[PDB]
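One structure below.
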Amino acid sequence: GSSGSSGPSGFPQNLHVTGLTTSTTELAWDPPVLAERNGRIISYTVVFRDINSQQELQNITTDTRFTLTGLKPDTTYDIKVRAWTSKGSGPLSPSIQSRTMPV
């Protein structure tokens, strides 16, 4: 329902890694276009998971960027992001599958 939970209807862009790592993986995206915004943003959720494994994990940060950790080297990692509003959560950005650097 609207009252119970509304959340945004749009996802951010420019989602990519500015400097991945064998174990860790940096990130850097941008906020949703003024057009696709059902209110205001407060934080984002970075959901990272190994497309090869069934281990799902995510993170939270009040910034348009983030840095994963505890990942395997030379392994594709499906990482995504999603904006959050005072109401709740919205859609989920398209994973990039940034494969950590080959140690």
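Here the sequence shown stands for residues 1 to 103, numbered as in this note's numbering. All residues carry an ideal CB built from backbone N, CA and C; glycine is no exception.
Q.
Would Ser-89 and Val-81 qualify as a contact pair, given that the criterion is a beta-carbon distance under 8 angstroms?
A. no
Q: Determine the direct distance from the alpha carbon of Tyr-44 to that of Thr-64, and round the result to whole angstroms.
A: Cα to Cα, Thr-64 sits roughly 7 angstroms from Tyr-44.
Q | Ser-23 to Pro-12 span [Cα, whole Å] | A | 25 angstroms
Q: Pull up the distance between the alpha-carbon of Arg-99 and that of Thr-61, whole angstroms please.
A: 21 angstroms
Q) Leaving out five residues before and five after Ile-96 in sequence, what residues of the same chain have Cβ atoms less than 8 angstroms from its Cβ? A) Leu-15, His-16, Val-17, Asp-78, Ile-79, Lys-80
(Q) Runs of 3 residues minimum, wholly inside the region 21-74: which ones carry the beta strand (DSSP E) assignment? (A) 28-30, 43-50, 56-61
**Q.** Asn-38 vs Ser-9 beta-carbon contact at 8 angstroms
**A.** yes
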